[PDB]
Amino acid sequence: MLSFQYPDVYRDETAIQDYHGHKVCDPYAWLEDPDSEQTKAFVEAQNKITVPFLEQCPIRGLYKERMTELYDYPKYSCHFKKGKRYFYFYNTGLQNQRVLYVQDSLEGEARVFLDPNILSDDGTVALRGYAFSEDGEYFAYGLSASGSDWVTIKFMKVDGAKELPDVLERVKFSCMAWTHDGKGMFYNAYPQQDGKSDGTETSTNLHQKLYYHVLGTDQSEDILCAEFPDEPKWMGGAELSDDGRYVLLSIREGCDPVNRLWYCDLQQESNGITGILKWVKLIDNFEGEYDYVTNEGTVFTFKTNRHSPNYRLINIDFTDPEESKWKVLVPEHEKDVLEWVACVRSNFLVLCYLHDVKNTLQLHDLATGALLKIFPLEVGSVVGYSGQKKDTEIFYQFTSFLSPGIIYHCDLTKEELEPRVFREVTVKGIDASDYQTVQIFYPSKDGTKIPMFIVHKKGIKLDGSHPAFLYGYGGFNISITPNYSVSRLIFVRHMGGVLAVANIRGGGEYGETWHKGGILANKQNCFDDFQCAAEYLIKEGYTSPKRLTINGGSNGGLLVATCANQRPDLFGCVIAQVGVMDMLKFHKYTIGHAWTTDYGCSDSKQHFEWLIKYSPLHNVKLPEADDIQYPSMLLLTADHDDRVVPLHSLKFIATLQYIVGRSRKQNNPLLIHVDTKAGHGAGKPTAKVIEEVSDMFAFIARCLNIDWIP
Ligand SMILES: *[C@](O)(CO)[C@@H]1CCCN1C(=O)[C@@H]1CCCN1C(=O)NCc1ccccc1
C-alpha cells in the first residue's frame with residue numbers, strides 16, 4: 001500500500017530551546033515561514049504523494065458523485081426584516097456561495113441583492129459579517145478572500161442595490177454597528193504591520209482599535225473611539241442599544257466567555273462622535289460575561305454567567321449600578337444551559353435552552369421573566385433565528401442528524417400563537433426512517449458521565465463489524481449539537497458506517513463547569529473522555545479498533561492527534577483538520593494568543609508542565625509493543641488558514657513521518673494535504689467542501705478496505 005516514499009525533510013538539529021530547564025528540540029522550526037522556497041517545496045512534495053493515494057481508488061469518485069447528488073438540495077437561511085424589506089440567504093443547491101435575496105413583502109417577488117459568486121471564478125471570496133443601518137436603507141458587508149480572517153468592508157445603498165465608494169481595509173475580528181442616526185458605523189481594525197496581510201502570514205494580531213466610519217468619507221478620516229495600548233490583547237466590540245441611545249463596548253481578552261462592559265450615552269457627547277468617547281466603565285473586570293439583550297430606559301437586561309455557570313438573565317440599572325441592586329429576571333436553571341436570548345416585539349424574550357444537548361425554544365415576558373409559550377420542536381438544534389425588538393414576528397431554523405431541517409415562522413401580533421412551517425426541504429436518496437439516533441451516557445475514567453450521540457441503520461447487530469466515524473471537539477465552551485451532514489450520512493448509507501459524536505468536557509453542553517472540566521490543568525480530561533467514547537463503541541459492539549475512524553477540527557484536530565499519540569492501539573484511522581499541533585508555540589501566531597484561556601501558555605512553568613505532556617508535536621513516539629503501529633493518519637490544512645497557521649500541521653507531519661514513518665513496523669500511511677486558496681473553513685465554497693469530504697472518505701475507504709454499497 002505504501003507504494004511511495006516520504007520526502008526527505010531537513011532537520012535543524014541546532015534548534016534547541018530551554019523551557020524552564022527542559023530542553024526542547026524543534027528541528028522543523030523552518031516550516032514556520034510560509035514564504036520560503038524550502039517550505040513551498042515541502043508542501044509540494046507532500047501533496048505529490050497524498051493526492052495520488054487518495055485518488056487511486058474508484059471509491060473517491062463514487063463518493064464524490066453521491067455527495068454532489070445528495071448535497072444538491074436548496075438551502076435557506078431564516079427570513080429577516082430590515083426597514084421595509086425582507087432578506088434571506090438562499091443556495092439553489094450547489095452554488096459555491098449562498099446568495100442574499102430581497103423582497104418588498106413576504107409574498108413579493110424576490111430578487112438577488114448580493115451574489116458573492118460573481119466576485120471570484122472559484123467561489124473563494126465569501127461574505128464575512130454584515131450590518132444593515134437601523135432604518136434598513138444602507139448595508140455594510142465584509143468580504144474575505146481565500147478563507148482568511150482578514151476582511152474588507154464594502155457598502156451598498158439598499159434601494160436599487162447601489163454600490164457605494166466606501167471601502168474599509170485592515171478589518172479582522174470586527175464588530176459592525178451603525179449609529180441610529182444613519183451617519184456611520186463602528187468597526188475594528190489593526191495597525192499596519194510589516195510583510196503580508198492576506199492570510200498566509202503568521203504575524204501576531206495585537207492593538208486592535210475601535211473606529212467609527214462616517215459614510216461618504218475616506219477611511220483615513222475615521223474616528224478613533226477606543227484603544228487599549230497598555231493591554232495589546234484587549235479587543236473592544238461596539239453595539240448600539242435597541243433605542244439607539246447607548247454604544248455598549250464589550251472588551252474581551254482571550255476566548256473565555258467573560259467581558260468588560262463599558263457604555264457611552266451618545267446624547268452626552270459634547271458634539272457627536274469626534275474622538276475617544278466618554279466611556280462609563282460599568283463592569284471593569286473580566287470576572288463575568290454580560291451579553292446585551294435589551295434595555296428599557298436605563299434598565300439593561302443582560303445574559304450573564306456571573307455566579308451562574310448555566311447562565312441567567314439579570315437587569316442592571318445604569319442609575320443604580322451596584323451588583324447588590326441587580327434584579328434576577330430569569331434565574332439560572334439547575335442543569336439546562338441558557339444558550340442565547342433575543343428581545344422581540346417590544347416586550348417578549350425568546351430563550352433558547354440546551355437540555356441534554358438538545359434545544360428547547362421558549363417565549364418569555366420581558367417585564368417579569370415569566371414563561372409564556374414553548375415552541376414545539378423535534379429533538380435537535382436551533383441553528384438560526386430572526387426577530388429583533390421592533391419586529392413583530394420570528395423565524396427560527398431547526399436541524400437534526402437525520403433532517404436537513406425546517407424554518408418556522410410565528411406571527412407575534414396574534415393573541416394565540418400559531419407557529420407554522422415556512423420552508424422545508426427533503427433530501428431524496430436518504431430515507432430518515434431507515435436510521436436512528438440514540439443518546440447514551442458513558443462513564444469516563446474519573447466516573448463522570450459523558451453524553452454521546454450514535455446514528456446508525458436500524459436493525460444492525462452489535463457484533464463489532466461496522467466501520468465507525470467518531471467526532472469530538474472538546475473546548476472553548478462550544479457545544480456539539482445535532483446537525484444535518486449529508487457527507488456523514490453517505491458514510492452510514494454507502495459505506496455501512498456508524499456515526500458517533502462524543503460531548504466531551506471542554507465543551508459548553510453542561511455550562512461553564514463542563515468548559516472548565518476540559519481546560520488548563522484539566523485538558524487531559526478531554527482526551528480521556530474521547531478515548532473512553534471509543535472504548536464504549538468497541539465494548540458495546542458498534543465497531544472494533546481497526547475499523548474505527550476518529551475526526552476533529554481545530555481544537556478537535558488537537559483532540560484526535562493527541563489521541564493518536566496516547567492510544568494508537570484504539571484507532572484504525574485519524575483525520576485531523578486544521579489542528580493545533582504545536583502547544584508550545586501556538587500563542588506566537590496570528591490570533592493564537594487568544595487560546596491561552598483554554599490551554600495556558602508555555603511562558604509559565606506550571607502551564608508548560610501541563611502542555612508538554614500532550615502537545616502532539618512533542619509526543620510522537622513509536623509504540624513499545626511490537627504488534628502496535630500508529631493508525632493511518634491524514635492531516636488537512638490550507639495555505640490561507642490564518643486562524644490556525646498551517647505550520648502546526650507541517651511540523652507535525654514531518655515529525656510523524658520521520659519518527660514513526662521510517663520504522664519498519666509502520667505500514668499505515670501518515671499523510672498531509674495542503675489546499676490552495678482556502679483557510680480555516682469558514683466561507684469555503686461548495687466545490688471545495690465536496691472535494692474535501694471526498695478526500696476524507698476515500699482515505700477511510702482505502703485504509704480500512706471498505707466496499708462501497710450502491
Ligand atoms: C479552532 O478550535 C476553532 O476554529 C481554533 C483553535 C483553538 C480555538 N480556535 C478558535 O478558532 C477559537 C475558538 C472559537 C473562536 N476562536 C477564535 O480564535 N476566535 C477569534 C477571536 C475573536 C475574538 C476574540 C478572540 C478570538
Side-chain angles (χ1 to χ4, degrees), residues 76-92 95-105 108-190 197-199 210-223 238 240 273 386 640 677 679 682-686:
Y76 298 84
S77 87
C78 291
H79 268 57
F80 56 97
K81 192 173 169 160
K82 297 283 174 172
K84 305 177 221 170
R85 304 182 189 79
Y86 290 89
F87 299 82
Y88 64 93
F89 295 97
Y90 171 61
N91 192 321
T92 59
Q95 302 176 271
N96 283 327
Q97 301 294 332
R98 57 194 206 151
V99 169
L100 182 52
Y101 286 85
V102 56
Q103 64 202 126
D104 300 312
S105 58
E109 196 174 298
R111 65 202 167 262
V112 176
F113 187 67
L114 182 73
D115 183 2
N117 293 298
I118 65 173
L119 302 175
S120 65
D121 280 17
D122 57 6
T124 56
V125 168
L127 188 55
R128 187 189 291 271
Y130 63 87
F132 286 80
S133 57
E134 169 68 18
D135 64 0
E137 303 283 0
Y138 285 84
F139 174 68
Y141 60 100
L143 301 171
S144 292
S146 295
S148 172
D149 282 321
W150 289 108
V151 167
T152 304
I153 299 176
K154 286 178 195 197
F155 291 84
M156 296 172 79
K157 181 174 85 156
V158 171
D159 181 30
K162 304 311 294 224
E163 302 278 18
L164 304 171
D166 308 60
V167 174
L168 306 177
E169 300 293 355
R170 295 213 57 84
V171 182
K172 200 183 204 197
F173 312 124
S174 178
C175 67
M176 299 187 194
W178 292 77
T179 50
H180 287 206
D181 65 356
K183 184 162 182 171
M185 190 188 81
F186 291 105
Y187 73 101
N188 296 108
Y190 282 94
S197 293
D198 64 4
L210 175 76
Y211 287 104
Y212 184 66
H213 175 69
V214 172
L215 195 67
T217 64
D218 293 325
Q219 184 176 24
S220 61
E221 301 178 44
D222 283 2
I223 307 302
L240 280 298
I273 297 159
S386 77
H640 290 69
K677 298 191 74 200
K684 181 163 283 186
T686 301

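Here, residue 1 is the first one in the sequence, and each next residue gets the next number. Because only heavy atoms are used, hydrogens play no part in the values below, and waters and symmetry mates are left out as well, while side chains stay in.
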Check the pair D104, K84 against salt bridge (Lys or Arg N to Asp or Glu O under 4.0 Å), reporting the backbone distance first and the verdict last. CA-CA 7 Å; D104 300 312; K84 305 177 221 170; over 6 Å; no

Does a donor on one side chain sit under 3.5 Å from an acceptor on the other, for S220 and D218? no

Check ion pair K172-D149 (N to O, under 4.0 angstrom): no

Residues in side chain to side chain donor-acceptor pair (under 3.5 Å) contact with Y86, at least two apart in sequence or another chain: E393

For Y190 and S197, which I'm curious about, is there any donor-acceptor pair between the side chains at under 3.5 Å? no

With distance as the sole test, does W178 use its side chain to make a donor-acceptor pair with the main-chain N or O of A131 at under 3.5 Å? yes

Measure from the ring center of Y212 to the ring center of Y187 and say whether it is less than 6.0 Å. no

If you measure from NZ on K81 to CZ on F132, what distance do you get to the nearest 0.5 Å? 13.0 Å

To the nearest 0.5 angstrom, please state how far the CG atom of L100 sits from the OG atom of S77. 8.0 Å

So salt bridge (charged side-chain N to carboxylate O under 4.0 Å, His left out) across residues 157-166, not counting sequence neighbours, yields none

Are the aromatic ring centres of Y141 and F155 under 6.0 angstrom apart? no

Distance check, rounded to the nearest 0.5 Å: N91 atom CG versus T686 atom OG1? 5.0 Å

What is the ring orientation for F87 with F113, classed by angle as parallel under 30°, tilted 30 to 60°, or perpendicular over 60°? perpendicular

Looking only at heavy atoms, the pair that brings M156 and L114 closest together is SD-CD1, 3.9 Å

Could you go through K183 and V214, starting from their C-alpha distance and side-chain angles, then the distance that decides it, and tell me whether this counts as side chain to side chain contact (heavy atoms under 4.5 Å, CB included)? CA-CA 6 Å; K183 184 162 182 171; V214 172; 4.1 Å; yes

Compare every heavy atom of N188 with every heavy atom of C175, then report the nearest pair and how far apart it is. N-OD1, 2.9 Å

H213 and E221: side-chain donor and acceptor closer than 3.5 Å? no

Taking 4.0 angstrom as the limit, do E137 and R85 come out as a salt bridge? yes

